[PDB]
Structure formats: C-alpha cells, structure tokens
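Below is one structure. I have some questions about it.
Labels for the chains are A, B, C, D, E and F, by order of writing; each one numbers its residues from 1.
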Amino acid sequence: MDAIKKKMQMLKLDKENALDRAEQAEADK
Amino acid sequence: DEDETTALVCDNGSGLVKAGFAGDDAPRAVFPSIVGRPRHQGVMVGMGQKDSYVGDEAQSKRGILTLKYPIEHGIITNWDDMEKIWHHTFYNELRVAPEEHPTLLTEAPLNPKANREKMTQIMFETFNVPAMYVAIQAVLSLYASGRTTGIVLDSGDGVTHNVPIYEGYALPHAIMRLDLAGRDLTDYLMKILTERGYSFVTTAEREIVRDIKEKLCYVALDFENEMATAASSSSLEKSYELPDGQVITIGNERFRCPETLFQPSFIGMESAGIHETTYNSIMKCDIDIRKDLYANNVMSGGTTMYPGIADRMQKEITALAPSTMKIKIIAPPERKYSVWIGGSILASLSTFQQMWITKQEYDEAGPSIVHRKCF
Amino acid sequence: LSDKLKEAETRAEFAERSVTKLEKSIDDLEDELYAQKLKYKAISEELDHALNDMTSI
Amino acid sequence: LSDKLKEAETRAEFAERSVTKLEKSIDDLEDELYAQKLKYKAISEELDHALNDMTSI
Amino acid sequence: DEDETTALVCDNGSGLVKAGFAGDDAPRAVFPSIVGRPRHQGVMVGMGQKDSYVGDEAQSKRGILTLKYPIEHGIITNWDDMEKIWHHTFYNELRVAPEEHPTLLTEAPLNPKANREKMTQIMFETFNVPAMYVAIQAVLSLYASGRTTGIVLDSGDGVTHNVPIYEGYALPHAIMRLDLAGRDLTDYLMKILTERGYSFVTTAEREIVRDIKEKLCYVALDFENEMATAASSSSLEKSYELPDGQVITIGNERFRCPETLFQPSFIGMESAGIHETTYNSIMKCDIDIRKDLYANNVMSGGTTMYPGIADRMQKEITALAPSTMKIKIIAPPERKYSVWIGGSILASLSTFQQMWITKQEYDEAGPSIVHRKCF
Amino acid sequence: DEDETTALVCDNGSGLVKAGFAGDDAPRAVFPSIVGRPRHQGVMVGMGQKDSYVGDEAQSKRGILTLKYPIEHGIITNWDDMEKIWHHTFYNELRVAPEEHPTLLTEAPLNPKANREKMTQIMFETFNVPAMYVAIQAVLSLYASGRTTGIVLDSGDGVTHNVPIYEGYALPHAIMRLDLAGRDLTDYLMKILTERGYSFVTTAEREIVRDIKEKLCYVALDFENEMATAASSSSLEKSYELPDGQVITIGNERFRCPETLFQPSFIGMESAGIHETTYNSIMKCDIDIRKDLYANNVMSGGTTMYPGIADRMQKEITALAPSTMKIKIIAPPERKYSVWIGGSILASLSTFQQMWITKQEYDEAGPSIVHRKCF
C-alpha cells in the first residue's frame, strides 16, 4: 500500500500538526 | 565518464557502501562492504579464480567464500580490503577515478581518529586523489533532512551516535555514543531463529539472516501487545524463502529482534534503549535548546525504516519528556541513504570549497592533517 | 530392420529432441510458475503485512 | 539390427512416451500453471487495481 | 596415430581401460582390465600359446583361461597386470612409447593413496615416462560435461564416490563414498538367474552375465509398477543368446539387477542407493552452493547407460530435493567415456603444463611424491 | 530398587546417556543413545528376535542391525526412540519407575525450544513423572567443578556450545555456538582411514572408528611438529585391533582428527576452532568479567579426554589473550562425568526444590512451561 504509506505519513503529520496547533492555540491562554 | 571535476561522495560503513557524485540526490550505486576469499582447495585447472572477490562479486561467488567486512562498527581496520572496495566502487560502478576528482568520506562525531587518518592516507597515497574531506555523519544527516537544529539518530549497521546539534553547532557533551546497532540485530536474530529450530552460524547463514531481517522485521508501537499476539497465533507469522529452497516461518522473532533497539538487554547490553539516549541528549542541553531539539528528533541510517520505529521512539520520548512542549520524530523516505545525500550537499556547497585538504598540504604534513583540517 | 531402425531412431531421436525441448519447456514453465507463485505470494503477503502494520490510515 | 530396433523401438516408445508424458505433464503443468498464471496476476492485479481505489478515501 | 609429443591419457577401472592421445574427444584404444591365464594341460606342440593373455587377447582365447582383473573397488591390487595392460595398450594398439610422452592417470579424491603411488611408479619405472600427473575423476567428468560446477556420480564397475565440485573447488567433506558398483550388480544378476535355472559361476559364465547385464538391463522408472507387469507377463522378457546357441530369457530380473542402485540391500549393503548418496553429497555442501549443484547433478562413468536411469534418477533426487529451486540431472553422451574425455581436456590445457611431476622430481623423491604434487 | 524418592539424573546426548540417582557421585546406567533394528531376512523360526534393540542390546546384537541415534547435534529428532532408551534405562538398569522420581534432563543454552518442551512432554505423558526439570549443562559442569564462574566447554558428540557463566548468572550474549563436535571428528577419521586403505561406512564400521578415535587419538601441544615426525616414521604409529582379529595401523591421522578442533576447515567448517570460540566467550563479556573467566576455563563433556587437550587449550587461549593475565584450565579426572555430577548436585539441592515443574503446572500450561520455569 504505497498510496497509504505516503497518505499515512501525510495525515499523521497533518493531524499531529493540526492537533499541536489546537492544543497550543488554547494552551497559550 | 563525468564531464566535470565533481567531488566523489562515499559512505563506507560496516554494512553498505553508498556512492555517487556530488550534486546528485542519491548514490548511483549501493553494495555491501565485503571482500570475500575462498575457503576451499581448487581441483580443476584453468578455472580463473580470484584470490579475493569484492562487493557483489563476493556475494555472487559466496558459496565457497568466507566474507569479511573491513569496517568494524564504524572504523576502518582492514584498509587493504577497503582499497579494493573503493577501487571497485569508483572504477567498476561510478566509472570515475579519484585522481581526477576530490573525495568526501564520512564518520560519526566520536569515531576514533584513526579512521579519519587512515581514510585520508589511502585516498591520497594509493588513489592519488587531488583532495580529501572527512565529513561528520551527523552533519550530513541533518543536511539531507533539512535541519540546522535537531538530534541525529543514525541507528545503522555500525553504531548509534545520538548527537544534538543547535543552529549548526555541536553540543558534544550530550552525545550518547551507543554500542547498539543493525549488525547486532543480525546476530541476535540468528540466535532466536536457532531457538525456533533453524540454526544459523556461518557467513552464508548470516547473509540469509540479514535478508530475513531486512524483509520481515519491524518493531511495532506496542511491543508487549504485539508479543502477546505473535506468541499466541499464526496470524502474525511470516514466512521466508531461503536460497536453497528451505522455508522458515518466523513469529515474534520478527519484532523481538528489532525490539533490542528499545530493550538492549536482549543482547546483554547495559542500555536503556535508543529512545532514552535521544531523551537524555536533549535533557543535557540548555532549556532554550531543548524546545527545538525535542520537536526535531531526526532519523538517518538503517533500522529507522522499521514499521513502528518513529512512532515507538516518539511515544517513549514523549512519555519521558515534559508536557506543553511538543515532541516529534522526523523520518523522511530518504532513509538509510540520507547521509550519502548529505555528503552530496556538503561536497557541493560553495562554503565548503575551502575545507578540502589538498594533495600538497597532505604530503607536507602526512595523514594526521585530517585531524586539523576537517573539523 | 535398418529402415525400421532409422525410423525407430528417428522416433527415438525425434522424441529425444522433442523431449529435450519439453524438458526445457518444463524448466521454463517451472521458473514461470515460481514467478507466478513468488509474485503472488509476495503480493498477497506484502499486502497482508502492509495492511496489518499500516492500519492507522 | 533386431536388437538395435528393439532398443530403438523401445526407446522410440520410451522417448515418445516421455514426449507424450511430458507433453501431458506440461499441459497438465501449463494448464494448471496458467490457472495460477491467469489468476495470480489477475487476483494480485485486481487487488492492485482495487488498491488504487481502496486507498481513495 | 600421433604426430606430436602430446600427453597420453588413460582411465583405469575394475571394468575397462580407455586410452588415447591428449587433444582428441575419444580414446583410440579400449581394452578390458583383464589378464587371462590357461587352466589346462597342453597336449599338442608347436601351437604357440601364451603364458598370459591381455585385454582383447584374454577375452578372445577365454574358453580355457581364467580371467582376473587388477583393480578392486577403485584401487590397483596387481601392479604387474596393470603394467601388461598399459604395455599392450600403449605399444601394440596406440603404437606409442610413453618414454617420449607425459602421461595422465585418474582416480576419485578418496581413492586410497596407494593407488596414486602405484600409477606414478609404474609409468616412471617400467615405461620411463618423462612426466606424470594423477587427476581427479570428478574433475575430468566435469570437463567432459562442460561444467565447473556439479556433482559427479561415478557409478562405475568398482566403486561409486559421488564427488561434489563448486567453481572448480573440492568440497571433500561432502564426498559420500558408496560400496555399490557395476561388478556387484553383475553378482546380483548371477544369483537371480540361478533362481531361473541358469547357473553362472565359472569365468566364461561370469563374462556372459556381465554381457547380459550391459545389453538387457534397465533401471525402471517405477520399480513396483514395472515389476507388477514384468512378473505377470512374458511380453516383457528379453531373450539373450548364449555363446553356445542356447538362450536365456530374463523378465523382472532385467530391472531387479540395476534396481540394486536404488536398493543396495539386494546385495547386503547398508545403503539406500546412488540417489541417496547424490542427495547426501549435496546436502552437506554449503547452503549457497546447493542451488548450483542441484541444477547440475552429473552422471559419469558407466551403469548410466540404463535407458531407465535418466528418469529414475531425476525423479528420486527431485523427491528429496528443495522446492522453488530447479532440480536437474545432466546425463551427457560423454558417458562411460567422460573421464577419458575430461583427461584429454585437462592434459591438453596450456594451464596444465606446469602441473606435471617430472622424471627428475620423481626419482629424487620416489612415488610418494604424487601425494604432494597432484592434489 | 532405590530407598528414597530422589530425582534421577539423565544426561542424554547425541552420543551416550549417563543416568543415575540424584545425591550420588556417579551414573549407574550408562548406555549409548542407540536404537538398533535388524536389516536381514530371517531363516530360522522360534529365535526370539526383537523389532528393536536398545542401548547395550543394540550394540551386543549389532552384527545384523542398523544402528541409529535418536539425538543429533544436541536435540531429540526421534522421541519414540528416546522413550525406548528411557524405558530400558529407567526400569531395567536403574530399576526405577519415574512415577516417584522427578528426573533431571540436560540441554545446551541455545538448544531449540522444541527439544526442551518435547522432553518435558514425554516424561509427563508417557512416564507419568510427578515433576520435571531440564538443566543447563554449563550449570551442572560448574557445580561439579566447585565453581560459579567460568567458560564451559561442553565439547561432546553433538555441539560445542562455548557458554560463559559469572557469579551464577548466564552471559548469553557471549555464547558462541559451534557446529563442530565429536561426531564430526569420527567422520573425518573414517575419511582419512579410507586414504590409508581402510574404508569405514557401515554401522559396524562406524562404531569401530568411534572406538578407534577414543582409544588412539590425541592433540598434543604442536601439530606441525607432531605431523612432521608422524608422517615420516613408524615410531609415532599405533595399532588398533578390529573385532575380527585383523588390525589397522594409524599414523598422523591419530592427531589430524582432533586437530579439527583447532582446524575446523578439515571437515569443511567455517570456523577458527574451539580456542577462538572459548576466547570470544571470555572476550565478549564485560572487562571486569573477563579476568575471572580467563582464570576459569572449564573442560566438560566428551573430547576433553584427548591427551594434551587441557594444556593445548590453555596455550591456544593464552596466545589470543592479553599478556600479564592468567589463563587457567580446570580439567579434573571427573572430566565428562561432570555434567552428571552437577545434575545430582542440582536435583538434590534444597534451594532448588521449588524449581521442579510439578504434574499440575504441566497440564495447566502444557510442555512449553519448561521454557518459563527452569531458568
């Protein structure tokens, strides 16, 4: 699943980054 | 066959030899650092037959050869076999001659100085290279990944280095050089496959196991859970076909081997694992450094290509690390071969053309010159 | 008997030449078979494993 | 000649037998082999076809 | 006929002696390894009559001679009879005096050393040969077959050695010597023909059974199925005409003789057969050798003439052999003559002209020299 | 016939079995690990005749039996045949029923899991043993020798395991499993005795050569000088008497055999020898361990009885070892019986009664339990 290997990296990175942003956006107060 | 005096770039490790020319984005060819020799008495006349075979020749004729690797966990000791590996790499693959090109080789930051001196001596005295430059693998690993700041996790066949770099500067007191590597995993797998009824002790058997590892192994995000199911059901087993037609079915050994990276005690090593060395190399750095290093743990070298390895280390580092702060592993597809790419990047920088040892300075000073000229 | 022999030798040699070709066809066929099995095995297994490890997306 | 004919005829039979035995084992090979040949690639091929679509999420 | 001082080549077994001049593709003379002696009192005078007869002389006048051979299960036991055989073969048939030509003699690698010493001594002391070499029978069989790699199953008259060679190198730890050969197959047939009502015990009678075996027997692809039919129907009997005009018909006995090759228990031997040794010699070879030897198992010597043996052997080895791998037996036309042919190939190589023991080194050291000079 | 419910000790190897009662200083039942079967057609009737013979029965009637060994290279390959060996050893010779005698079996540290679990299963399901234990031969060797620290060289018929123990703890990363053992030394001797004109291949012949090796062979302290004289004079020859009154006289083969321990290439093995493996078992342990293992190099099992071997090894390790350091070999006359003695010491130890797996835990977990409970 080559399509997945890369889509997997894309989504894990994009969600982790988006989540890191969600958490910081609130956490910064 | 090149139309410019581009530097040659080569990573001559304990595993593979990667080579190409500066300015490319990949080695042109990769083969094992092997020089093989017959372990049998010849009986037929007019059979040709070499005293020694190199690289792919050594593997192709291996049925009657004992195979040796000149580089021992990152250092060159058998320089004569390496002269043969370099000659093969340059002339029978890249079709270049060092005499017409400056050459860049690389080593870990805490690699014994003897390695850099011997590599310099041979390229200048037996290949007549016009210039030399021994690069740091950590420098090259971050160039290839695109960082000036981060931890180099170069977990390949020889040694794991674990070095923090900040804004292009070394933070050397925090380097955790560790005697845990892909080479130990091959031998450990031979021993746990012996437990399953398939003993492996010879060179051919070692090359078979290295192939099993490279094709079947992974680490997994949760070891104990993966272990519990692999140890209980055939659903996590994978077969491997041996060169002679035998088939080996492998279960939890498929990950128990690689898990040694997180649990070094499996091979008798006094270590907390690669995730703790990464963690401590950051924790020993100042707090205005740590915020950038935890977010940039960077993979290079082999074993970093195992499924679950970036997630496994990020999870453990995150568990050990403080909250609020973000912890991340950078693990690009240009894995295992990224240090070569970094070599191309360094070799081709305009800011690097003053860093070369020329074959003038070399003869006036001798090979010890590398210790003062490169870094 | 000489003509029968030449014919029998023709048949034995014809067939020997033909069996040689058939033996070659088998050697090639088995290599093709192995390729089918090996590629099939590799594909079915690379997917069972790719999907078993690549489950989180 | 009689012995050579018997041997040649015996060999004509054995060689032709080997020829029809191999033509048959080859057919029985190839035919069963093409089944693998036609289904291992079609299964794996349709699996890969499906993968392009399986991964469209 | 020869117009050059080429090496002479001569293969000598318990069966027959093949000889000729190096560079050809066939021996120019073939004689039985036999010296015959009269066992009767003469009454007429002026009849000529020899004290001893050799080769074809021994068979032509055999009606009143006892016939003996000098070689047993691979070794020379009677050097005097070998000298007579070579004297006749070289001087009377090939019309050559070895004094002006180097000579190549053969044996498998496990052949007791006394054999190599006797071959060397006879040619240097009774023939005054200027040079000698003793070659390995497996080496010569592979040259004749067009191979450097393969296993030579030398199923001759005396002993079978089944010697594996890879890239021209010996794999001596894997030579599985077997006490089963064509001479034993003849003895089996004499006993089973006795069961049919035809006793064969004297020299003339022993020669008849050997001739019957060579012309009437075959292995049988399927022993049990061939026997189920041969034991039930006279249509499978072959008629052999005895020297006195009487005939013998042979049924399932026709294949039960060579079956001993797959059933050594038929002659009281503790072995499964020639296919078992074929399998064990390869089984003990390196795991990265096996694939090349399995695809190249080689028939050599006699008994390979069985039009049942070609398929019988590949079936028996394939049945034991690994999957995935191509399993194949080479059954070349250079059979029953492969050692002599290989001898010509070796003897005529330019790379072999430095391999000779000279008649200088020989006299300084004595015949034990062959043990250090040949292999 | 015993007066206490003491565990039996049964050191069952690829060669012989040493069995007896725990708490004593010697085995009481010593048998070869042989199950024999007739290979001939009977003619007389009312002759008794067994389907199979075991131990001493197998050897006493061996003239017409084919003799097989149920254990190969450290593991049981035929457990049904081991049940036959065990039944005889336990009930006829030791005259004990396992039902009241737990029984200690032995294994090598990297021995396949399947062997340790199969031994456990047979004793619990066929012999109804109340409890089981499978011991490490290295543990037993150190108890017998009065040590908790050392390298155990268990150089028997099957495998040489080269395993270090320090302060009673295993140091498994340093175990050097070696595929060279007493069975290979026997095979080598059969091949070089063939070179002398005495081929040995059948069961009677295989048993004779093993007996020749045990009685005539040695290593001494200098192979090349010993060979120079053995190959030149009858003064270093020793005669062996064969069972039929005939004799064989043996020269340098007498030492060339066991020399394979120092030169494994003699049997086609890719190894530097037993002293290299002993050295690596010491060297691969931590630097503060090495000194105690150098001073406690322990001989155990078979082949330790070749003349000159204890000193030959101390010399060969000393040659690889750092200077100043004292290298010492422990080689008491209780050589080879030390595993049995340790088995007695461990089985009867009060501190080890909780280490026995009872026939409760066994059925709840199955035979794989031995892997979790014994060590």
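By definition in this document, a residue touches a chain if its C-beta (ideal position, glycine included) is under 8 Å from a C-beta of that chain, and two chains touch if they have at least 3 such contacts.
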item: Recurring contact interface, reference E-F, options B-F or B-E [over half identical by residue number]; value: B-F
item: Per-chain Cα centre nearest the global Cα centre, belonging to chain; value: F
item: Magnitude of the superposing rotation for chain E and chain F (Cα, nearest 5°); value: 165
item: Rounded Å distance between chain B and chain D, as computed from the means of their C-alpha atoms; value: 45
item: Whole-Å separation of chain centres (CA-atom averages), chain A against chain C; value: 50
item: Rounded Å distance between chain A and chain B, as computed from the means of their C-alpha atoms; value: 30
item: Cα-centroid distance, chain C relative to chain E, in whole angstrom; value: 35
item: Set of chain E residues in contact with two or more other chains; value: 171-172, 286, 324
item: Sites on chain C at which at least two other chains make contact; value: 30, 38, 47, 54
item: Full enumeration of touching chain pairs; value: A-B, A-C, A-D, B-C, B-E, B-F, C-D, C-E, D-E, E-F
item: Residue ranges of chain B touching chain F (in the complex, touch as defined); value: 39-40, 66, 191, 194-197, 199, 201-203, 267-269
item: Residues of chain C defined as touching chain E within the complex; value: 27, 30-31, 34, 38
item: Contacting residues of chain E [partner chain F, same complex]; value: 75, 110, 112-114, 171-175, 177-179, 265, 269-270, 284, 286
item: Complex contact set, residues of chain D against chain E; value: 3, 6-7, 10-11, 14, 18
item: Chain C-touching residues of chain B, taken from the complex the two chains share; value: 218, 220, 236, 238-239, 241, 307-308
